[PDB]
2 protein chains.
Amino acid sequence: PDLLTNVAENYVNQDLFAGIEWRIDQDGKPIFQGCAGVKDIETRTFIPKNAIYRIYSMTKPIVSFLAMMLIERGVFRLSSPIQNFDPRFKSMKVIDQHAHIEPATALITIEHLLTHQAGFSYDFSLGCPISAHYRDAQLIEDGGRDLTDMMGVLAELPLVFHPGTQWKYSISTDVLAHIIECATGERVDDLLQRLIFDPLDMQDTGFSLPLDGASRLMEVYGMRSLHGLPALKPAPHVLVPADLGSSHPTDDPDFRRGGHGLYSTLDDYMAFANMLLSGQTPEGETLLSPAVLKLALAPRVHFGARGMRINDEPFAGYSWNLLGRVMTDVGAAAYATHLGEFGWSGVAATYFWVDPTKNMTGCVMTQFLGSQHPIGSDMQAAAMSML
Amino acid sequence: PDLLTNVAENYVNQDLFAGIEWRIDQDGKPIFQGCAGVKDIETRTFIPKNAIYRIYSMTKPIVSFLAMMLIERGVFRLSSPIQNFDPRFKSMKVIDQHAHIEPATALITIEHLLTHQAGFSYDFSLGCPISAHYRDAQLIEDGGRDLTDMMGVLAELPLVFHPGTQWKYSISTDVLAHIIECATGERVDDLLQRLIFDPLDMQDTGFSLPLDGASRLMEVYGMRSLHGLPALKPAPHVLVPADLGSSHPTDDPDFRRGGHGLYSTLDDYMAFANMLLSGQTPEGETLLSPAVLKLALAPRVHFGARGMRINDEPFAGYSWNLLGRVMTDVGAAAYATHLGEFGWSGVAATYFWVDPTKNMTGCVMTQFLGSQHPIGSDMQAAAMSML
Ligand SMILES: CCOC(=O)[C@@H](C)c1cccc(C(=O)c2ccccc2)c1
Ligand SMILES: CCOC(=O)[C@@H](C)c1cccc(C(=O)c2ccccc2)c1
């Protein structure tokens, strides 16, 4: 039966999500799709055609893919030290949980940024030795700050381990977007437009709403913590509209980031996901050669018995490649999948996957910040059970 | 029986040493003393009255004692970073045996210099990752270069471990002499004269010969390796005059060092050794307080299974304090001693000890570079056996 509809309708009928859309493609054509709920519970307006979602860290596979294209074109290489493009990242320091600070003993490379092994942290990282200083600097909160300037502020702060020696999910994709700009002399949003969005016909994807976009933007629900102080336990899961402060502008022509900030649609993101099965547009144009796509997807960071964790949340059986998660042990997995399934997700509960063993892609779009309910994994599992 | 004479005479009669003097004091007055052999085997001139010896690293306890006086007087402290006095030692790097170089993760302190834990090495260190670059720079060989200038060259080279983390006998006492000059605005030789030599009436001790000193200087025998390349096995122990090149001038008024370079006499060095029993001159003037002398003599570096070693030669049962060796386990010792016996020695086979349990001091003066025979320890053992 249609387990995907069941999952989505149950979430809407339990007042856990306002509105959900999903699509599963196989061999580049839709095989399951649906929608549940509404654009916003306040007016119960129906989900519009080509509804728009804040995809947060589903920005990261796109920016990472751009970096792989630029590696293929010779702009830089995985081993390139980022200080060669921005000397503000020369002479980094490292801080630990015992207040000890010392010089970094390795240079940060492009590969370190793509694997979150550079030693950067994130503003909302609970218990982190440096996240308090990120929050004081408002690195994430101040979305009106130009990327180039935010990077100058970040560069003055210490790392939390020596580059290459550990893994911690981080602001490093934003550093990557910035280093792309340094290396090319172009803006990351223009490069994304020319190299990825326009060839794949992702006309609704970008760091600002399209002209007719305000009426299609889905409402975002959830509770962002006071002052950005990382919470010690989950807030109650309640459909209250979320206040984004100045972190996620809708119409700032200079807003651009590497780790979040894109708006997109279900249809646009599926075009990107389907492309990742081959590296080609549907017309057959190559965005990334098979050899470099294989380089990008191969498991690259392997985890100990604790596994891959973000703020202590597990990604069971997943390793990390240059674009995001990749399933490397079905026997350790916590929900239905196949070896080699890859993809990523965002904090407003958007989720996608690519499953090469089934020539399958899937994406769930919704807007709930810090959900206590893993809707993305639930929908993936339903789709796996159906195919 | 006079074991000391028997040892010394056997060494002279076996053509191993040209000339030997010794004196052992108890309670500040001589109990055993003697001489054997000649000033030089070429003319067989007898050892002159107030014969002069190149004491090499028996310079180090003198310069270290000076540093303790300056600590007592508030000039600097054990924890003082040396870069505060000479910024050429900011931003040190560390090299390892696998060609890897990285920034030092700790600042070098005065204490590190006094304990040879700063990470410096020495030109003649066999197998050392950096000693080839010391030799290329001629740090030891170029005795005509001003101390201040040698330090500038040394400061550009990497350490061989992070400061504080290991022990390696080193050029750090020369760094200490230079930092003393930076901290005080005075020259180390003027400070030694005023603070130590003049109070102890050590009128023949200094970095150049007295005006009547040339005829009193003992000839120096042995083989220095060609180009300074550290030898893979001992050279034959043969009494041939040694060529010191420009490493050890006799009449350069600006030659001064921390780790070697002093000329002295048996009588002068015994005045210094006897003072180390109390921190006082024989007239009762305090050069160093009892509390700071105890701080200087307390065992400070402890060694693992292989023990304290220099170029793989062992100092069995010895630990390191701020002035040199200190006996911390008679059950591990390789020759007669008592708990707390301390002192040092030099590469031309001069040797001294202070034994607080016996209120005893002893010194052996001779001139043979890189002796295969441990004459100093043999004479200490003889004297211990005669009490
Ligand atoms: C998936 C992408 O989200 C991120 O990981 C970073 C980029 C991010 C960026 C901007 C805003 C937020 C939050 O609003 C938030 C974070 C943690 C808990 C509750 C809310 C998070
Ligand atoms: C005790 C003080 O030894 C030193 O610190 C330096 C000043 C030194 C200076 C000049 C010559 C030598 C050697 O002749 C030698 C070194 C190693 C092996 C064999 C011979 C050593």
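Residues numbered from 1 in each chain as written, not as in the entry; some residues may be left out. Chains lettered and ligands numbered in written order. Part of a larger assembly, values for the part shown. Heavy atoms only, no water.

Regarding how it was determined, this PDB entry cites X-ray crystallography in its header, along with a resolution of 1.797 Å.

Colleague: When you look at the site of ligand 1 in this model, what are you seeing that I'm missing?
Modeller: Residue and element names in this part refer to chain A. Taken together, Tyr-56, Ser-57, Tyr-122, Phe-124, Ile-140, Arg-224, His-260, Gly-346 and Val-347 make up the full set of residues adjacent to ligand 1. Compared with its free state, where it exposes 490 Å², ligand 1 has 85% of that area covered by protein. Here the residues of the shell around ligand 1 sort into five nonpolar, three polar and one charged. (Near = heavy atom within 4 Å. Areas by Shrake-Rupley, 256 points an atom, 1.4 Å probe, with all protein chains shown as cover. Nonpolar A, V, L, I, M, F, W, Y, C, P; charged D, E, K, R; others polar.)

Colleague: For this particular structure, what's the right way to read the side chain of B:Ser345?
Modeller: Residue and element names in this part refer to chain B. Positionally, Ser-345 belongs in the loop between β13 (342–343) and β14 (351–355). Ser-345 gets classed as buried once you look at its relative accessible area, which sits at 15%. Once residues lying within four places of it in the same chain are set aside, the contact partners of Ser-345 are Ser-57, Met-58, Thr-350 and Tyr-351. (Helix = DSSP H or I, 4+ residues; strand = E, 2+ residues; numbered from the N terminus. Buried < 20%, exposed > 50% of the residue type's maximum accessible area, 1.4 Å probe, protein only. Contact = heavy atoms within 4.5 Å.)

Colleague: Would you mind going over the interface of chain B and chain A with me for this structure?
Modeller: How large an interface is tends to be reported as the accessible area lost when its parts come together. Contact residues are listed per partner, giving five residues for chain B and five residues for chain A. If you sort the residues of chain B by the area they bury against chain A, B:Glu102, B:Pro103 and B:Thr105 come out on top, with a joint share of 87%. Across the chain B-chain A interface, the total number found is zero salt bridges. The interface formed by chain B and chain A includes zero residue pairs in polar contact. (Buried area = accessible area lost by both parts, 1.4 Å probe. Salt bridge = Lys/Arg side-chain N within 4 Å of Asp/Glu carboxyl O. Polar contact = N/O pair within 3.5 Å; in protein donor to acceptor, adjacent residues only side chain to side chain.)

Colleague: Just to check I follow, could you spell out the packing of aromatic side chains for this structure?
Modeller: Both the distance between ring centres and the angle between the ring planes are used here to describe each pair of aromatic rings. Following the criterion strictly, the structure yields 37 aromatic pairs over all chains and no others. Look at A:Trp167 and A:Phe303: their rings are 5.0 Å apart centre to centre, the planes differ by 90°, and that puts the pair in the edge-to-face class. Pair noted here: A:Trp167 is in the loop between α5 (147–155) and α6 (172–184) and A:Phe303 is in the loop between α9 (290–297) and β7 (308–310), with a separation of 136 residues, a long-range link. The class of A:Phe303 is partly exposed, set by a relative accessible area of 23%. Arranged with centres 6.2 Å apart and planes meeting at 45°, the rings of B:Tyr318 and B:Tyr335 form a pair that is tilted. Placement of B:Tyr318 in strand β11 (residues 318–320) and of B:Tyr335 in the loop between β12 (325–327) and β13 is noted, with a sequence separation of 17 residues between them. Overall, the relative accessible area of 5% leaves B:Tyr318 in the buried class. (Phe/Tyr/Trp six-rings, centres within 6.5 Å; stacked < 30°, edge-to-face > 60°.)

Colleague: What am I meant to see in the site of ligand 2 here?
Modeller: All names here are of chain B. Inspection of the region around ligand 2 gives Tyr-56, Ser-57, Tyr-122, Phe-124, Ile-140, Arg-224, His-260, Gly-346 and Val-347 as its neighbouring residues. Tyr-122 places a polar side-chain atom, nitrogen or oxygen, 3.2 Å from an oxygen atom of ligand 2. The class makeup of the residues in the shell around ligand 2 is five nonpolar, three polar and one charged.

Colleague: Would you mind going over the relation of the copies chain B and chain A with me for this structure?
Modeller: Look at the two chain copies: a rotation about an axis and a shift along it is all it takes to match them. The operation relating chain B to chain A is a screw motion whose rotation component is 180°, with 0.1 Å of axial translation and a residual RMSD of 0.1 Å. Those values place the two copies in the arrangement expected of a two-fold rotation axis. Closest approach to the rotation axis among the C-alpha atoms of chain B is made by B:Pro103, whose C-alpha sits 3.2 Å away. Mapped onto chain A, 100% of the interface residues of chain B again fall at the interface, so both copies present the same surface. (Least-squares fit on C-alpha atoms.)

Colleague: I keep staring at the nonpolar core and nothing clicks. Help me out?
Modeller: The tendency in soluble globular proteins is for nonpolar side chains to be buried side by side. The biggest cluster of nonpolar side chains holds 118 residues, and the ones touching the most others in it are A:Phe65, A:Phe120, A:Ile196 and A:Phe272. If one sorts the elements of this core by residue count, helix α2 (residues 59–72) of chain A sits on top with nine residues. Each residue touching A:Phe272, except ones within four places of it in the same chain, is listed here: A:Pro61, A:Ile62, A:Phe65, A:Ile196, A:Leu200 and A:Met202. By size, the runner-up hydrophobic cluster in this structure holds 117 residues, among which are B:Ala51, B:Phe65, B:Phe255 and B:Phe352. (Core = buried A, V, L, I, M, F, W, Y, C linked by side-chain atoms within 4.5 Å.)

Colleague: Sorry, what's going on with helix α1 (residues 3–13) of chain A here?
Modeller: Each full turn of the α-helix corresponds to 3.6 residues, which orients residues three or four apart in the same direction. Residue and element names in this part refer to chain A. Those residues of α1 not exposed but buried are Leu-4, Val-7, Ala-8, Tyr-11 and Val-12. Considered in projection along α1, the buried side chains sweep an arc of 130° and stay on one side of the axis. Contacts from the buried residues of α1 go to β1 (19–26), β2 (29–37) and α10 (375–386). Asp-15, located one to two residues past α1, shows a positive phi value of around 60°. (Arc of directions from axis to C-beta.)

Colleague: Explain helix α8 (residues 266–275) of chain B here, please?
Modeller: Residue and element names in this part refer to chain B. Most of α8 sits inside the fold, with eight of its ten residues counted as buried. When α8 is considered as a whole, its buried residues turn out to be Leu-266, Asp-268, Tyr-269, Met-270, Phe-272, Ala-273, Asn-274 and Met-275. Where α8 is buried, its residues contact β1 (19–26), α2 (59–72), α7 (188–197), β8 (263–264), β14 and β15 (360–365).

Colleague: Can you help me understand unusual backbone geometry in this one?
Modeller: Residues and elements named next belong to chain B. One non-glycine residue with positive phi stands out, namely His-116, at about 55°. Despite not being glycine, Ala-349 shows a phi value in the positive range, around 85°. Among the secondary structure elements, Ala-349 is positioned in the loop between β13 and β14.

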